[PDB]
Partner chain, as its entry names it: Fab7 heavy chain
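The chain below stands alone and is given in structure tokens; this is the form deposited without its partner chain.
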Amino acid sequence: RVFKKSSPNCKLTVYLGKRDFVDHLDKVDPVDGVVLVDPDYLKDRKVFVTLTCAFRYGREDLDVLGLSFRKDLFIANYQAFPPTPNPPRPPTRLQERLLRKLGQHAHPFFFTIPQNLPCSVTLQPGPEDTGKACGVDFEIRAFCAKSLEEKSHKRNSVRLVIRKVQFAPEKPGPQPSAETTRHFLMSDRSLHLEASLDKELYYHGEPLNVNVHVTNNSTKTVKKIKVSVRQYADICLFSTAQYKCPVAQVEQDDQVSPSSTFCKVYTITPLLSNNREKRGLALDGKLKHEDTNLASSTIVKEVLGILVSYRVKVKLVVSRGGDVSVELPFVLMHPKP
């Protein structure tokens, strides 16, 4: 339908046409909206609308102490009333539709979301956390004041969360494929591991099929085989820290004897619902009263923000040392609607 929220006193309502604004890499969907204000209520006050992209990292108690990392990556402030020159660019048919039903006390606003900006990512809070979640969020905020500097008023202000999202590219990428050979010393023996995925791109909730082939031309015994999907979150503040969290694991007592080959497909699905306990897991941005998913793969630089990526790991568990592994990068994304 149309998305709208009011101030607590109801003197102020913001309408938007949607909450998700798609990053097309060359450009982003612009935010076209309308603020409706009560006339006699603001009086000499002005109506401002603000678009903020904010990046916060740190627990709630670090907020009070001024220790958490809080940076606005993007701020645009718009004086919507008293009305201003019309560009940019026209009014969209949604604004026109809304300015008619609401009348002269409705006022359009327009923002472009800069492309060089992270997408909406929520870092999953633990059950104890009570503040707002760490990550990158976007917020449309409308309020009434004499000037931008005047402090905030809760009763007058509407805060509205929106999201910058990306969708799977249309061009299929190259097939993920990796291999690792453990050579053994003087003898010509070796323990060979090959693995691959059918494709580079998977959709949330779609099972990955991991092709595993083991050539054990050695005297060691593979005693377990472990297949996992790991999330990689690059947190870029002053220094970029990379956090890894497994989000799916199949572990079987499959054995590969000496002088033997082994070939199987392992099917595995990364789901947020098996990971609601992992603090700090990257989630696609938290919306109102909706459910989210594991954060989509970022389509790219180490500017401030959060970059998310995924890999399959296949590990051959050998006794003592001797373990063998490959990793398979893939992409995890929603399909374009």
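Numbering follows the first chain given and starts at 1.
Per the record, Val300 and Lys301 are separated by a gap of 4 to 9 residues from the deposited sequence that were not modelled. According to the PDB record, 146-154 carries the higher mean C-alpha B-factor of the two stretches 195-203 and 146-154. Stretch comparison (158-166 versus 121-129) by mean CA B-factor in the PDB entry places 121-129 on top. In this structure the maximum Cα B-factor among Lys288, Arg311, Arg56, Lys278 is found at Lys288.
Of the candidates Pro82, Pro114, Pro258, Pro108, the deposited coordinates give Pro82 the top C-alpha B factor. In the deposited entry, the Cα temperature factor of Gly17 places it in the middle third of its chain's modelled residues.
Annotation for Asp32: CA B-factor lies in the middle third of the chain's modelled residues. Sorting the modelled residues of the chain by their CA temperature factor places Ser319 in the highest third. Sort the modelled residues of the chain by CA B factor and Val212 lands in the lowest third. Sort the chain's modelled residues by C-alpha temperature factor and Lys71 lands in the middle third, per the entry.
Keep in mind that the form solved in complex with its partner chain is missing from the display, and what follows is about it.
Comment: 200-208 is the region of 256-264, 108-116, 200-208, 76-84 lying near its partner chain in the deposited complex, near meaning a non-hydrogen atom within 4.5 Å. Interface residue remark: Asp284 is counted as part of the site for its partner chain in the deposited complex, having a heavy atom within 4.5 Å.
For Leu304, no non-hydrogen atom is located within 4.5 Å of its partner chain in the deposited complex, even though that partner is not displayed. For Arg276, a non-hydrogen atom is located within 4.5 Å of its partner chain in the deposited complex, even though that partner is not displayed.
Although the partner is absent here, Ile299 lies well away from its partner chain in the deposited complex, with no heavy atom inside 4.5 Å.
The contact residue chosen from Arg141, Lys224, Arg163, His192 relative to its partner chain in the deposited complex is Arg163, the criterion being a non-hydrogen atom within 4.5 angstroms. When contacts are defined as a non-hydrogen atom within 4.5 Å, all of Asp20, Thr269 and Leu272 contact its partner chain in the deposited complex.
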